[PDB]
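Chains as they are written, first to last, in our numbering: chain A, 1 to 123; chain B, 124 to 236; chain C, 237 to 543; chain D, 544 to 730.
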Amino acid sequence: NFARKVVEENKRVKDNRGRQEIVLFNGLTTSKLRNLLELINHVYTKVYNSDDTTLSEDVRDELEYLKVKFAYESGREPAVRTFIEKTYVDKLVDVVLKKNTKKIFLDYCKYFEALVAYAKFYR
Amino acid sequence: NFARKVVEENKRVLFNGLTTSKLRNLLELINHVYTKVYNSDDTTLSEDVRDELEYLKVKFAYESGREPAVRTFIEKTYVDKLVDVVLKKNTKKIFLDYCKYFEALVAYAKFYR
Amino acid sequence: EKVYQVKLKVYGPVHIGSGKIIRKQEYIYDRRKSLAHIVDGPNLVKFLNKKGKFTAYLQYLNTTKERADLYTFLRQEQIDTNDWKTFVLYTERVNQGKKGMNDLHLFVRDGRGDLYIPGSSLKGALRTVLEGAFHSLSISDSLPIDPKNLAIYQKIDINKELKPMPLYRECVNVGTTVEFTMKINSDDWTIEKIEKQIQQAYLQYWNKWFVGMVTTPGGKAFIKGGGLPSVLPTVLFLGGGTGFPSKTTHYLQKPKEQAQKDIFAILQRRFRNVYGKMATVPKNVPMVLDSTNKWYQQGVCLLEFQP
Amino acid sequence: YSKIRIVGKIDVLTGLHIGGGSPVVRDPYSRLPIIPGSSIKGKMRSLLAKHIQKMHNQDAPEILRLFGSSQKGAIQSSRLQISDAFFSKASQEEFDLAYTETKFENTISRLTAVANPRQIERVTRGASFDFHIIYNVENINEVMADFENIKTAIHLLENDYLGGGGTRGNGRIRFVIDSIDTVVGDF
RNA sequence: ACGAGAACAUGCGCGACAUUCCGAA
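The structure is reproduced here in structure tokens:
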């Protein structure tokens with residue numbers, strides 16, 4: 001997917017005291033992103049269980065909470081804020097809300113999973 | 124062939140400690156996409172099959188990130204670049220050839236164990 | 237098979253980590269009466285959209301990204317408190333030793349919404365206090381605890397003198413009883429033997445470590461405040477923040493005047509920026525240690541068995 | 544030869560965990576957690592054998608009579624057929640609250656006291672699975688005794704766990720029998 | 001006015017029997 005270039009731009013290398021850490025950002029810890037990852041996990045498991053071609057209203061409410069958590073994480077650490085700025089996750093959640101379809105939400109979830117997978121691979 | 128050569132080169136423990144349990148997820152995804160292509164009768168890969176191949180590529184990247192043996196397997200066998208080639212050509216024959224290459228790779232890897 | 241019903245009495249505040257931490261956004265913190273009402277996100281967002289203030293909440297979060305308190309936002313918007321109690325999950329009491337709510341570690345709770353403590357924590361505590369493959373000794377989880385009892389207790393460090401910390405651990409109010417069912421066989425583990433081992437280990441942990449606190453003025457103040465109940469006798473320290481020495485197999489294995497030195501070395505290894513600078517062995521190793529005037533100790537729990 | 548059907552409910556009292564290849568076992572069609580019939584049959588067989596060998600086919604004659612035996616020259620058909628327990632629709636509607644929750648265990652080491660956190664996915668307490676069991680009457684005279692053994696096994700399974708690490712508070716279940724009727728035959 | 005004419009390689013047969021994705025924290 002096109003997330004390869006985004007992750008490549010977002011990927012940096014850190015060095016300190018003879019130790020070389022291959023991490024994209026200083027604050028890009030697996031748990032800090034994993035909170036929102038598991039929120040999206042709950043969202044898409046609910047979507048899988050519902051098996052409906054339209055994005056559910058309750059999924060929409062958990063999703064609004066997901067946007068709130070996105071702003072929360074951006075405030076928590078500048079690294080997560082810069083990652084979200086580079087990836088423009090807000091625009092993707094906005095399109096997911098607007099077109100209101102299961103396929104679009106699945107594509108966005110796959111793209112976000114691709115982002116995190118490329119981040120892990122480049123680590 | 125090429126699979127024999129790469130498996131022999133990575134043989135010493137194969138592919139830095141690769142086993143079938145490490146590859147099982149990629150094998151399942153590959154054979155699922157292969158059966159979906161097999162059921163259809165078309166010379167060109169359909170759009171959903173193309174998206175599934177993109178998902179297979181990202182699964183390759185995820186498995187390379189997870190394990191070092193899988194990572195060196197992917198690097199040495201050019202499987203991701205072969206997936207890109209199949210996507211670019213968009214021919215069912217090329218996809219079947221890639222599936223046969225992967226199957227021969229796994230068969231030889233099991234043979235030298 | 238020997239089945240025993242186990243009663244846990246939480247004489248002290250106990251906080252088992254749930255693996256997640258929330259800042260002031262997820263709960264409302266009344267500072268005038270010092271009460272924390274835990275809320276969920278979707279209901280808050282739904283109410284905000286109903287009142288047409290969700291964009292205002294987003295802007296407020298943008299301006300106060302580091303410290304966005306839901307109680308202060310609600311006070312600024314001056315919306316009805318009836319709505320506050322309508323969209324909230326559940327209310328809880330706040331106890332501070334000094335301060336606003338900044339970073340709260342939530343207590344472990346089941347999926348439904350009720351709170352409990354896992355049996356794996358009990359298994360680990362029992363194994364680490366016995367030493368000094370546990371397949372026969374099977375422990376289940378606890379019964380749900382009334383949500384109103386649960387509160388947010390302060391974590392206080394006593395380096396020969398009490399000092400509350402800004403960190404908040406969502407502990408359990410005193411006087412709450414929880415229940416367990418545990419199956420053991422008479423072949424491997426004996427109920428009398430294991431309970432005697434627990435009480436003996438707690439006794440020596442008291443006499444070789446806590447006596448040093450007792451001699452220092454901070455421990456004297458803690459005793460005067462009633463931190464240790466008169467019953468303190470099977471005693472456990474299940475929650476987090478109780479401290480490394482509590483139920484330590486290394487303490488038990490090595491003789492006194494030598495086990496303390498090894499514990500000091502271990503603490504230096506674990507805390508390089510705090511204990512690593514320290515090099516001399518003090519009298520007690522380690523040196524670190526409610527709205528009511530009665531004081532309590534972190535994790536203190538009383539054990540009762542009924543076969 | 545009569546087939547008697549036992550249909551009822553298994554309600555989890557704790558976190559039910561069956562470690563499907565830490566995820567839990569789910570039915571691919573419905574994406575809901577299930578309790579495999581193999582797990583239940585193995586647990587009951589092990590508990591009953593303990594209550595009553597290297598090959599695992601020796602056991603005691605009642606065990607081979609009930610759960611079957613592949614013994615060379617003494618192949619005994621299994622009178623007990625334990626089917627997969629599927630997530631109850633009533634429990635699913637009650638939860639509609641995620642069906643499964645992740646539990647975090649720090650797993651601290653002894654000597655170095657270094658935590659190695661792990662996550663285990665377990666079905667939330669209060670969930671129910673509809674269970675279905677078939678008993679085949681090979682001999683009319685022994686049936687009573689067989690059912691007695693079955694009851695004992697059930698009791699043991701109620702006092703024990705089912706799947707996952709039950710010594711740490713997983714897999715505890717409760718059995719609610721709805722009906723026991725002779726579906727096939729005249730028994 | 002063909003070494004030809006008539007002639008089912010076909011009938012019966014469960015890939016099945018025993019097997020906890022579990023111990024450990």
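Positions of the beta carbon are idealized from the N, C-alpha and C atoms, including for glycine.
For A:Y118, the chain B residues whose C-beta falls within less than 7 Å of its own C-beta are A184, listed in chain order.
Bounds of any beta strand (DSSP E) do not take in C:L310; it lies within the alpha helix (DSSP H) bounded by 306-313. For a Cβ distance threshold of 8 Å, residue set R574 of chain D lies close to A:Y48, ordered along the chain. Listed by position along chain A, the residues whose Cβ is nearer than 7 Å to that of B:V156 form an empty set, because the closest Cβ is around 15 Å away. For C:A437, the enclosing alpha helix (DSSP H) stretches over residues 427-441.
Contact check for C:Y441 against C:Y487 passes: the beta carbons are separated by less than 8 Å. The beta carbon of A:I84 is closer than 8 Å to those of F70, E73, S74, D90 in its chain, skipping five residues each way along the sequence. Closer than 8 Å to the CB of C:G479 there is not a single CB belonging to chain D. Residue pairing by DSSP leaves C:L280 without any beta bridge partner. Under the 8 Å criterion on CB atoms, A:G75 is classed as interfacial with respect to chain C. In this model, D:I677 and D:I618 are separated by some 19 Å (Cα to Cα).
For C:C537, the three-state secondary structure derived from DSSP is strand. Of the candidates D:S565, D:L591, D:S573, D:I583, D:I583 places its Cα closest to the Cα of D:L705. D:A641 belongs to the set of residues whose beta carbon lies under 8 Å from a beta carbon in chain A. With a 10 Å radius around the Cβ and a threshold of 16 neighbouring Cβ atoms, D:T710 comes out buried.
Relative to D:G712, the option among C:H251, C:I353, C:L398 whose CA is nearest is C:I353. Burial state of A:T53 is exposed, judged by a 10 Å Cβ sphere holding fewer than 16 other Cβ atoms.
Rounded to the nearest whole angstrom, the CA to CA distance from A:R12 to B:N213 is 34 Å.
Taking 8 Å as the CB threshold, C:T452 stays off the interface with chain D.
Between C:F370 and C:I252 the beta-carbon gap is near 20 Å, outside 8 Å, which marks them as no contact. At a beta-carbon threshold of 7 Å, the residues of chain D lying near C:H371 are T710, ordered along the chain. Under the criterion of beta carbons closer than 8 Å, D:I549 and D:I683 do not qualify as touching, at roughly 18 Å.
For C:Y263, DSSP records a beta bridge to C:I274. Within chain D, the residues placing a beta-carbon under 9 Å from that of C:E237 are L699, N702, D703, ordered along the chain. Under the 8 Å criterion on CB atoms, D:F647 is classed as interfacial with respect to chain C.
Distance between A:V6 and D:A641, taken at the CA atoms: about 33 Å. A Cβ-Cβ separation of about 11 Å leaves C:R259 out of contact with C:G336 under the 8 Å criterion. Shown here, B:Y221 sits in a helix according to DSSP, grouped into three states. Across the set A:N49, A:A3, A:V68, A:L55, the C-alpha of A:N49 shows the shortest separation from the C-alpha of D:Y572. In terms of beta-carbon proximity, B:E175 stays away from the interface with chain A, with every pair separated by 8 Å or more.
Assigned with DSSP and collapsed to three states, D:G551 falls in strand. For D:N679, the enclosing beta strand (DSSP E) starts and ends at 671-679.
The count of Cβ pairs closer than 8 Å, one atom from the region 648-656 of chain D and one from the region 666-680 of chain D, stays below three, leaving the stretches out of contact.
For C:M418, the enclosing beta strand (DSSP E) starts and ends at 413-420.
Separation of the CB atoms of C:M449 and C:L525 is rounded to 6 Å, and the pair is thereby assigned contact status at 8 Å. Those residues of the region 663-675 of chain D placed with their C-beta closer than 7 Å to a C-beta in chain C are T667, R668, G669, ordered along the chain.
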